[PDB]
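Letter by letter, the chains look like this.
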Amino acid sequence: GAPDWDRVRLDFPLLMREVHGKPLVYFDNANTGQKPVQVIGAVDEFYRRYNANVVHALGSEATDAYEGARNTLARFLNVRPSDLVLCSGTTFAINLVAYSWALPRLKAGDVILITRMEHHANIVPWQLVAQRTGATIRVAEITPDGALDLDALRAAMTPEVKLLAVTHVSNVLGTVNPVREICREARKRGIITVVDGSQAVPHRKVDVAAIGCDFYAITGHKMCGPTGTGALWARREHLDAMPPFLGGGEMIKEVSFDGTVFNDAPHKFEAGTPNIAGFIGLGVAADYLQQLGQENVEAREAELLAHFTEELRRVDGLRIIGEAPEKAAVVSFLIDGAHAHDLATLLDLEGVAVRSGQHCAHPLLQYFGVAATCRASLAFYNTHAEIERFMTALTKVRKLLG
Amino acid sequence: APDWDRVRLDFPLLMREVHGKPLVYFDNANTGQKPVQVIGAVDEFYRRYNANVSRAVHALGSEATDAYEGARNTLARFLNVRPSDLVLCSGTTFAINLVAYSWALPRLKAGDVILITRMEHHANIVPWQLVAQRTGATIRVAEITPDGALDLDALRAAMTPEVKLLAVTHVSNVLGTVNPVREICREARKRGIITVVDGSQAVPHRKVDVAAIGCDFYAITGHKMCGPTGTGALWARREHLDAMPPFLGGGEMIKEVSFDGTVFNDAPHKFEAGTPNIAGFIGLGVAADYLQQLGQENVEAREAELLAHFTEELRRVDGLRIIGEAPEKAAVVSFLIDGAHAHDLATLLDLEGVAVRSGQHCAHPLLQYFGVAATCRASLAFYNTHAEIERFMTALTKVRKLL
């Protein structure tokens, strides 16, 4: 559609913030994303006009909105709404698979294969259930450019491997993994795939069904949506076969002390009152991104990334962690003789929000041999002028640490 | 004493119309309405300092972290507990399931008994049915008497040495009954019986000093105490939080992650995996401060007046039966009328602008004891008025005579 990006930016009122007496440059979109006023106003209007559980008039509109949001998010991912479980975030989504798929199935001798670049959300659940089942964890290695080693991956997918946890897009490296080809091969070998989509769906069109995976998790607050929102897509055969996770109201059909009958998926896995307001907003957020066009977002952020990377390469002593041939607008970097945390601290005082640390990916940073990276992560509402301002601030900050 | 007319003006939704008639929202037990301080708190977060929390670097992240942990401290004072022992989660339902998965699942074995009261909400039943399904524990029911009160004689008789856990509600969402949780938990602790207390209908309607109850675990939910959806909390004795294994795994609840071995944070973050509902909990903190500012005792007194007025006028209705007439009660009234289907009462009352709920109210076993397929439930909040009560009874008379 080719939207006007200077108009699009005006939808985001937080970008008018000033911090430390300076206009904010928000380059921490990988930590959480900012919301268009359409999303903020949808939540506000729910609380002011039709707050009710999901009956009477307000309860009726609240329910249509809540399920309407599931339909919208499902069209956003190109999956069926009945296969889409709504939850508080990617972390909940993956733990649901860990407790309800793997925990009742794995045994001694089974192997869980996890790539070196996984976020802790796609590592720690598997460690918990591996320890409980007697299963063992094997690491799928990466190369120094931040790519997944596909040859090593193929060789690691031996018959004893029962599940592969793999990120769609790395939150540290920006790397875009070929999840379609990965999941096609894992299925050929009887290996279940759990794909972490948290950093994919904000930055590119994702057709989840076409990936051919078994489970796919997203988190709402990184895709223009309210906090406490997220979803798990899963093959229907899996949602039918898995036991319930959380128990309570709404996931039951009939409750008796003699025995309870459970609902079918997806409500089967949604216990208790949902985050009604948050998912109403995520519906609006998913619709907002589709109206922009996800492919336009991807092209816009690739233009921002190329500008930022071209300028960042002129910095003496700088190196980028994550130089894969396809990546989202996430740049982790280090500067010789400068501590990443000093860089983040001084950049903040110049109005620029970045993140220094390990980004909840400790094994990945261990492979690179570094205690932290400074990460600037960009979104379509950032501007080329902000990038030029960032380079001016970095030069001033680096001179302050000289 | 608070000016209750001025308090009601804090709630902007109550101004709206339904079918061209004024809205009379008597479905507060389903979810509560929000004061403008809470609504604007959530709106201000997204507009002015939306960022992630913990290990804060930049200005907005610091502001977001201070607000979020500030909300935990405000809720803790609301409950008179330490914030270090208060786990924030998406509602009562999650709070109880955390107990089920991380306390009971690793501990109970075949032969052990989980004791659950007849009046519990599904939130305090189904998790224990999952535990029995995977441990071989058996579930035993603590009965009620026809006035909706918990039969304490039968409860003591039911608390035998094989019972290891008791699921007991503080306030029933159907009956309104207020249970003597302090007495119950003292007697449970004397027999080595863990108590999980469902406070979802307690903390919005009365002052609860959670620590003085003497229970092992206490669960609340945010959207019924003036707060955002997707919020709630689990309080627990410190000894349990330390001994319990983690439930959800991910960021924030770890301290160090390696493929050779991971080290977890301490409570409460031990049990809060991944990015929190930052906006929701910032708003829940304002809700807690709003209720502490009014005075929880002042709210309890207000809704008792509303209850007494509503009950006195309701009992004038011919053929009307109130299910739940325990001695001490919150402002929740479930009722039936001879010749009137509960669902038909709700459908037509809504056409008069009155919002109530008819059905089983996620308490199927309680309804089985009474032998009724449904009830009509009016549930009052402090921002309701005596005038609305009178408007309600006129709509009830209009609707009763329409069928």
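- The record names X-ray crystallography as the way this model was obtained, at a resolution of 2.0500 Å.

- As annotated in the PDB entry, chain B carries the name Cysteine desulfurase and comes from Stenotrophomonas maltophilia.
- The UniProt entry for chain B carries the following text under Catalytic activity (unreviewed entry): "(sulfur carrier)-H + L-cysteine = (sulfur carrier)-SH + L-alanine".
- In UniProt, chain B has this text filed under Sequence similarities (unreviewed entry): "Belongs to the class-V pyridoxal-phosphate-dependent aminotransferase family. Csd subfamily."

- Going by the annotation in the PDB entry, the name recorded for chain A is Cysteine desulfurase, with Stenotrophomonas maltophilia given as the source organism.
- Comment text from UniProt for chain A, heading Function (unreviewed entry), reads "Catalyzes the removal of elemental sulfur and selenium atoms from L-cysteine, L-cystine, L-selenocysteine, and L-selenocystine to produce L-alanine."
- Taken directly from UniProt, the Cofactor (unreviewed entry) text for chain A runs: "pyridoxal 5'-phosphate".

## What to know about the domain arrangement of chain A
Residues and elements named next belong to chain A.
Here is step 1: According to the domain assignment, chain A consists of domain 1 (5-30 + 293-400) and domain 2 (40-291).
Here is step 2: If you average the C-alpha positions of domain 1 and of domain 2, the two centres end up 28 Å apart.
Here is step 3: Of the residues lining the interface, 34 residues belong to domain 1; the matching set on domain 2 comes to 33 residues.
Here is step 4: Carbon and sulfur atoms make up 57% of the area that domain 1 and domain 2 hide from each other, which totals about 2900 Å².
Here is step 5: Its largest share of buried area at the contact with domain 2, domain 1 owes to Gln294, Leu364 and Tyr367, together 24% of the area lost on that side.
Here is step 6: Here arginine 204 ties to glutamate 298 by a salt bridge, and the two come within 3.5 Å at their closest N and O atoms.

## A word on the packing of aromatic side chains
Here is step 1: All told, the structure shown has 36 aromatic pairs over all chains when counted by the stated rule.
Here is step 2: Ring centres of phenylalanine 245 of chain A and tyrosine 101 of chain B lie 5.7 Å apart, and the angle between their planes is 70 degrees; this geometry places the pair in the edge-to-face category. Linking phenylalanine 245 of chain A in the loop between α9 (236-241) and β11 (252-254) with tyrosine 101 of chain B in helix α4 (residues 92-104), this pair reaches from one chain into another. The two residues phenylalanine 245 of chain A and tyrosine 101 of chain B agree in class, both being buried.
Here is step 3: Among the aromatic residues, those joined into a ring-pair cluster are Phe92, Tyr99 and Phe245 of chain A together with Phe94, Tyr101 and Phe247 of chain B.
Here is step 4: The positively charged end of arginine 107 of chain B is found above the aromatic ring belonging to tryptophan 103 of chain B, 3.6 Å away from the centroid.

## Digging into unusual backbone geometry
Here is step 1: Following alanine 265 of chain A, the chain continues into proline 266 of chain A via a peptide bond in cis, with omega recorded as 5 degrees.
Here is step 2: For the peptide bond that leads from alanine 267 of chain B to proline 268 of chain B, omega is 5 degrees, which places it in the cis range.
Here is step 3: Examined against the element boundaries, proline 268 of chain B turns out to sit in the loop between β12 (263-264) and α10 (278-294).
Here is step 4: The backbone of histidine 20 of chain A sits at a positive phi, close to 50 degrees, despite the residue not being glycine.
Here is step 5: Position of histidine 20 of chain A among the secondary structure elements: in the loop between β1 (18-19) and β2 (22-23).

## Description of empty space enclosed by the protein
Here is step 1: Here the largest cavity defines a volume of roughly 100 Å³.
Here is step 2: In this structure, the largest cavity is lined by 14 residues; those nearest its centre are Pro204, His205, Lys224, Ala381 and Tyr383 of chain B.
Here is step 3: Considering only residue class, the lining of the largest cavity consists of eight nonpolar, four polar and two charged.
Here is step 4: Two domains each donate at least three residues to the lining of the largest cavity, and these are domain 1 (4-31 + 296-400) and domain 2 (41-293) of chain B.
Here is step 5: Here the second largest cavity is characterised by a volume of approximately 80 Å³.
Here is step 6: In terms of lining, the second largest cavity is formed by 13 residues, of which the most central are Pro202, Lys222, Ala379, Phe380 and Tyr381 of chain A.
Here is step 7: Class assignment for the residues of the lining of the second largest cavity results in seven nonpolar, four polar and two charged.
Here is step 8: Counting contributing residues per domain, the lining of the second largest cavity is built from domain 1 (5-30 + 293-400) and domain 2 (40-291) of chain A, each supplying no fewer than three.

Rules and cut-offs
Residues numbered from 1 in each chain as written, not as in the entry; some residues may be left out. Chains lettered and ligands numbered in written order. Heavy atoms only, no water. Residues with missing side-chain atoms left out of burial classes, pairs and counts. UniProt positions renumbered as here; feature names shortened; annotations may be inferred. Domains from an automatic or database assignment. Contact = heavy atoms within 4.5 Å. Buried area = accessible area lost by both parts, 1.4 Å probe. Salt bridge = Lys/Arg side-chain N within 4 Å of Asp/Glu carboxyl O. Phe/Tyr/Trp six-rings, centres within 6.5 Å; stacked < 30°, edge-to-face > 60°. Helix = DSSP H or I, 4+ residues; strand = E, 2+ residues; numbered from the N terminus. Buried < 20%, exposed > 50% of the residue type's maximum accessible area, 1.4 Å probe, protein only. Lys NZ or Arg CZ within 6 Å of the ring centre and 35° of its normal. 1 Å grid on protein atoms, 1.4 Å probe; cavity = no way out; pocket = protein on both sides within 12 Å on 5 of 7 lines; lining within 4 Å. Points joined across faces, edges and corners; volume = space filled by probe spheres on them. Nonpolar A, V, L, I, M, F, W, Y, C, P; charged D, E, K, R; others polar.

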